[PDB]
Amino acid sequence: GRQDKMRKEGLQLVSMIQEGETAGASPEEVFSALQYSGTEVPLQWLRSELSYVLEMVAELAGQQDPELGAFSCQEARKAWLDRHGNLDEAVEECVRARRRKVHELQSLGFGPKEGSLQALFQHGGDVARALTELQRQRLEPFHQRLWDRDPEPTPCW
């Protein structure tokens, strides 16, 4: 009975997901758009409106915890989309994702003072790529020694 309506409602949304994918929009983009705006034309909304919303997510993130440096669009987007277009949750998670990553980089040697905030911003919140960049200076002298006179002999194991 209500089963009929659930099937209809589902199909109605699958339809827009379907249109979206063939135009390059993920299903969480289409649905996030639908939830936020109520638009009948989600593709159009994404092209024209999304960047203003992501811009807002990043500034509000910076306002809510100004200790955490500056938020990137890739981080705003990821939060917006994991919370399906709920603005206040998206802001919460954008902040939380970055807080969590600064806490990890700190425990791995790299706090705010050694450039974690700048490297997280620089790489769209990608912890793996920030860690790489932050340890470059540590490996440079190993790179620079490779051809020095008189190395120790090749160990056997």
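Residue numbers run from 1 along the displayed sequence.
Item to check | Third assignment of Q35 from its chain's C-alpha B-factors | outcome: Its C-alpha B-factor, which the entry lists for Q35, ranks in the middle third among residues of this chain.
Checklist entry - Based on the entry's values, in what third of the chain does the Cα temperature factor of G24 lie: lowest, middle or highest? => result According to the entry, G24 has a C-alpha B-factor in the chain's middle third.
Checklist entry - Among the chain's modelled residues, which third holds the C-alpha B-factor of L139? => result It falls in the bottom third of the chain.
Next on the checklist: Sorting by Cα B-factor within the chain, modelled residues only, which third would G109 end up in: lowest, middle or highest?
Outcome noted: Highest third - that is where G109 ends up once the chain's C-alpha B-factors are sorted.
Next on the checklist: Ranking every modelled residue in this chain by its Cα temperature factor as given in the entry, which third contains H123?
Outcome noted: Answer is middle: the recorded C-alpha B-factor places it there.
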